[PDB]
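1. here's a sequence, model it:
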Amino acid sequence: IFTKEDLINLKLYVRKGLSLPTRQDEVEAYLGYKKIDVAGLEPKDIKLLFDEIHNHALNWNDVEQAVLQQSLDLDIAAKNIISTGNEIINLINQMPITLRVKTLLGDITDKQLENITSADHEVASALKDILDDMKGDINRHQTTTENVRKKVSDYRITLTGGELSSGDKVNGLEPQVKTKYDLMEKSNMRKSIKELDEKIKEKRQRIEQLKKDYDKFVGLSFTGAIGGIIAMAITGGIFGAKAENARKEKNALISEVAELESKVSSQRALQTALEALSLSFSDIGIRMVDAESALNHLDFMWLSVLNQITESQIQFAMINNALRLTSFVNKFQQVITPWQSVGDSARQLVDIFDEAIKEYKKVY
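-> Numbers count the residues shown, from 1 in each chain. Sure, structure below:
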């Protein structure tokens with residue numbers, strides 16, 4: 001069944017949804033960016049989803065109050081139907097069995113109300129009235145319970161996705177959070193960043209490799225001084241050239257590295273924002289999945305309760321003037337039996353609300 005943790009998880013999801021920023025500049029401050037250049041993750045995209053979550057959270061208390069008040073109402077409705085049904089059965093069973101088996105319900109109602117006057121006329125009229133009132137009462141509880149179930153179902157489908165009772169189809173807030181979360185992961189830079197770090201270190205070692213070979217070749221260029229004048233011309237030309245090839249290649253890589261470190265710095269910036277947004281969407285999504293499970297329980301409970309009321313209503317429709325009174329008592333028992341289940345479930349739900357409210361004090 002729907003438990004107190006289920007109700008607390010709904011309140012926790014609503015509180016998270018209402019705390020989401022919805023103003024565009026606040027969503028941007030929350031994201032840490034004005035543009036990310038990933039489809040579906042731009043601040044306008046995130047705001048649209050936060051607006052939908054916020055509106056859904058705003059709508060919980062209408063459902064919550066309908067659920068709790070309907071449980072309070074069905075509690076005392078079940079109690080009244082069972083006790084009044086039992087009183088009616090007891091009244092009938094005061095008739096001797098030799099008469100009960102052959103007397104029809106119409107004999108103790110309609111056939112007393114067609115002629116002219118009686119005490120049995122008044123009680124027979126009151127018996128006909130209380131049956132009519134109970135029939136209408138059970139129809140009313142079916143109608144209101146169907147509406148509560150519809151509110152819970154629509155609240156659930158808004159979270160899961162699907163077709164609402166209005167016929168509108170909605171994508172589902174939880175699958176939408178999941179899509180964006182998946183886009184953040186398809187967009188991750190961690191491997192790109194690591195391969196760029198690797199190339200900065202490697203070119204930052206080669207820049208140093210022939211700073212030493214520049215110092216070598218320029219030393220080598222002087223080793224014509226052994227011969228003197230034209231041995232220095234040939235050592236100067238050959239090794240002076242190899243020394244500049246090393247310097248030129250060096251200056252291409254110092255420019256290369258400054259670019260690559262600017263690039264990797266921006267890729268790290270994107271990753272940091274992705275990781276932050278991922279964590280927020282994970283928190284939202286966990287709150288949603290717990291709320292969804294809570295609503296699965298609540299929806300199933302209200303479908304089951306509605307089914308019991310409908311069972312009672314169908315049995316009540318079988319009561320008619322031509323039932324022998326022994327058959328009537330058996331059918332009236334079949335009318336009130338489903339209401340034990342309805343009342344037990346309704347009282348259980350009221351008590352879960354009570355225990356969920358008390359949980360705050362027990363924790364703090």
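
2. so what's the spatially closest residue to residue 118 that is not a sequence neighbour up against?
-> Nearest residue to residue 118, sequence neighbours excluded (CB to CB, 6 or more residues apart in numbering): residue 112, at 7.2 Å. Quick note: C-beta positions are derived from backbone N, CA and C, even for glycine. By CB atoms under 8 Å, 6 or more residues apart in numbering, the contact list for residue 112 reads 118, 120, 121, 124, 125.

3. filter those residues to the buried ones?
-> Buried by 16 or more other CB atoms under 10 Å: residue 124, out of the contacts of residue 112.

4. could you dump the contacts of residue 112 into a markdown table with secondary structure added?
-> Shown next, in a markdown table, are the contacts of residue 112 (DSSP: H, G, I helix; E, B strand; the rest coil):
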| residue | secondary structure |
| --- | --- |
| 118 | coil |
| 120 | helix |
| 121 | helix |
| 124 | helix |
| 125 | helix |
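
5. dump the contacts of residue 112 into CSV; add distance to residue 153 as well.
-> Shown next, in CSV, are these (distance: CB to CB, whole Å):
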residue, distance to residue 153
118, 51
120, 49
121, 48
124, 44
125, 42
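
6. now the helices for the stretch 201-350 of the chain?
-> Secondary structure of the stretch 201-350 of the chain (DSSP state H, counting those that start in this stretch): helices at 211-221, 230-317, 325-363.

7. residue 160 is nearest to which of those?
-> Closest approach to residue 160 among the helices of the stretch 201-350 of the chain is made by helix 230-317 (5.9 Å; CB to CB).

8. show me what that closest one is packed against.
-> Here helix 230-317 touches helix 4-18, helix 24-31, helix 60-93, helix 119-160, helix 173-186, helix 190-209, helix 211-221, helix 325-363, going by 3 or more CB pairs under 8 Å, 6 or more residues apart in numbering; DSSP states H and E.

9. in the helix or strand following the third one, what's buried?
-> By that I understand helix 60-93. Counting by DSSP states H and E, the element after helix 60-93 in chain order, helix or strand, is helix 97-100. Neighbour-count burial for helix 97-100, counted by 16+ other CB under 10 Å, picks out residue 100.

10. which residues are contacting helix 97-100?
-> For helix 97-100, the external contacting residues (CB under 8 Å, 6+ apart) are 92, 93, 324, 325, 326, 329.

11. so the second one is in contact with residue 329, correct?
-> This points to residue 93. Yes - counting by CB atoms under 8 Å, residue 329 is a contact partner of residue 93 at 6.6 Å.

12. which one's more surrounded, these two?
-> residue 329 (19 against 13; other CB atoms under 10 Å).

13. ok, the more buried one - contacts?
-> Counted by CB under 8 Å, 6+ apart, residue 329 has contacts 89, 92, 93, 100.
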